[PDB]
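Protein chains in written order, with the deposited numbering: chain B, 2 to 170; chain A, 222 to 260, 260A, 261 to 262, 265 to 275.
The beta carbon of each residue, even a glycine, is placed where N, CA and C say it ideally should be.
Worksheet: the structure to be examined is printed underneath.
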Amino acid sequence: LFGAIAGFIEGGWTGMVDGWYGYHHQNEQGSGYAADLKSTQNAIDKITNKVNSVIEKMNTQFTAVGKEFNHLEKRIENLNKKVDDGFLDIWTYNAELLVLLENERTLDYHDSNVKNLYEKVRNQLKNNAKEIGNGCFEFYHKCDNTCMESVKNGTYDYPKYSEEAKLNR
Amino acid sequence: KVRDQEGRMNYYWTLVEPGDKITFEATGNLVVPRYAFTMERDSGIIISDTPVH
């Protein structure tokens, strides 16, 4: 558990309907939401591969389960019943445990994605921004939509705004 | 007495391979075949009341 979903980020955004993770920006030009495309696409691909791995690993051949025995073959009938009951119990156990473990893994993966996005933004902004605490960064320098697109993409220019941020800090 | 019968009738079956022959001999008490079934094996028997569509 990486401590972001229900951690320093206290809740989800219902207004963000276009992706799993992302950003909410507030500048003079206006507020808005925008999902991070790279992380969301990677997560979708990986989860799709997980679901496909679960599904297309449970292929079997043609089998007839029911067999019928007369009253002088009660032992063979009981043996058949034991075989079917054992297989049933084993497969029920496997299915339940698989779902239970993979659900934890998926939730932890989403926590890790949110945490990694937050840390990536933090490590590019450096001291040009102040960490409020709710997963939010307040800029020391006024910066427009080009700035926000750069920080979303991963191409933020620290030296371009370093001198401006030093005065306001 | 079941089905108003005091005697019985045992039913037997066998499979005859290609090029093989089945021979019947009897002084009595024989219920002879009249129709035989040519079959090529191979997928189960399901007991259900469900209609077939």
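Compare the Cα-Cα distances from residue i to each of the options and report the closest residue.
i: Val253(A); options: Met230(A), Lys222(A), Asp225(A) and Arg224(A); result: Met230(A)
i: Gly266(A); options: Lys68(B), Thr49(B), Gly23(B) and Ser163(B); result: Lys68(B)
i: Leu126(B); options: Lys116(B), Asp85(B), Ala36(B) and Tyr141(B); result: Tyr141(B)
i: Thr147(B); options: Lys161(B), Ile6(B) and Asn79(B); result: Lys161(B)
i: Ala96(B); options: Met59(B), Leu168(B), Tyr119(B) and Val152(B); result: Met59(B)
i: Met149(B); options: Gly23(B), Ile91(B) and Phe9(B); result: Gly23(B)
i: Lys51(B); options: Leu118(B), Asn104(B) and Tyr119(B); result: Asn104(B)
i: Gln30(B); options: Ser151(B), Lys167(B), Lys143(B) and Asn154(B); result: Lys143(B)
i: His25(B); options: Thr156(B), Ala166(B) and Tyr119(B); result: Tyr119(B)
i: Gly136(B); options: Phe9(B), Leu2(B), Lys167(B) and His72(B); result: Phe9(B)
i: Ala166(B); options: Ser151(B), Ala130(B) and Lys153(B); result: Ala130(B)
i: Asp46(B); options: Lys75(B), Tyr110(B), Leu73(B) and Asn79(B); result: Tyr110(B)
i: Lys153(B); options: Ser40(B), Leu2(B) and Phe3(B); result: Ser40(B)
Assuming residue i contacts residue j (C-beta within less than 8 Å), just tell me the rounded distance between them.
i: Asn28(B); j: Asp112(B); result: About 29 Å; that fails the 8 Å criterion.
i: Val66(B); j: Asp85(B); result: 7 Å
i: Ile77(B); j: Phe70(B); result: 6 Å
i: residue 263(A); j: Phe245(A); result: Between 262 and 265 the numbering of chain A has a gap, and residue 263(A) falls inside it, with no coordinates.
i: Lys116(B); j: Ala5(B); result: 4 Å
What does the alpha-carbon distance come out to for the pair residue i and residue j?
i: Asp19(B); j: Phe138(B); result: 22 Å
i: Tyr256(A); j: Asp225(A); result: 27 Å
i: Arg106(B); j: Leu98(B); result: 12 Å
i: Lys121(B); j: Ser54(B); result: 30 Å
i: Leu38(B); j: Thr61(B); result: 38 Å
i: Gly12(B); j: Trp21(B); result: 13 Å
i: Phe258(A); j: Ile56(B); result: 43 Å
i: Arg123(B); j: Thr49(B); result: 29 Å
i: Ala247(A); j: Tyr232(A); result: 16 Å
i: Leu102(B); j: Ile133(B); result: 35 Å
i: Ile243(A); j: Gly228(A); result: 27 Å
i: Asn81(B); j: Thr15(B); result: 54 Å
i: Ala36(B); j: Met17(B); result: 7 Å
i: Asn128(B); j: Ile91(B); result: 56 Å
i: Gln42(B); j: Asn114(B); result: 12 Å
i: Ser163(B); j: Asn169(B); result: 10 Å
i: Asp158(B); j: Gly33(B); result: 22 Å
i: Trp234(A); j: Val100(B); result: 51 Å
i: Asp262(A); j: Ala7(B); result: 59 Å
i: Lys75(B); j: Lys83(B); result: 12 Å
In this structure, how does DSSP classify residue i when only helix, strand and coil are distinguished?
i: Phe88(B); result: helix
i: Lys131(B); result: strand
i: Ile6(B); result: strand
i: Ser32(B); result: strand
i: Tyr141(B); result: coil
i: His111(B); result: helix
If you measure from the CB of residue i, is any heavy atom of the ligand ZN nearer than 7 Å?
i: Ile243(A); result: Inclusion of the ligand ZN in the displayed structure is not the case, the ligand content being empty and no account of it being possible.
Self-check item: Chain-ordered residues of the region 51-63 of chain B with a beta carbon less than 8 Å from chain A
Solution: Of all residues in the region 51-63 of chain B, the ones placed with a Cβ closer than 8 Å to any Cβ belonging to chain A are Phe63, in chain order.
Quiz item: According to a CB-to-CB cut-off of less than 8 Å, which residues of the region 15-47 of chain B neighbour chain A?
Solution: Identification of residues in the region 15-47 of chain B having a C-beta nearer than 8 Å to some C-beta of chain A yields an empty set.
Exercise. Closer than 7 Å, Cβ to Cβ, to anything on chain A: give me those residues from the region 63-96 of chain B, in chain order.
Key: Contact residues of the region 63-96 of chain B toward chain A are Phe63, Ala65 and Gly67 (C-beta to C-beta distance below 7 Å).
Quiz item: Closer than 9 Å, Cβ to any Cβ of chain B: which residues of the region 233-255 of chain A, in chain order?
Solution: Listed in sequence order: no entries.
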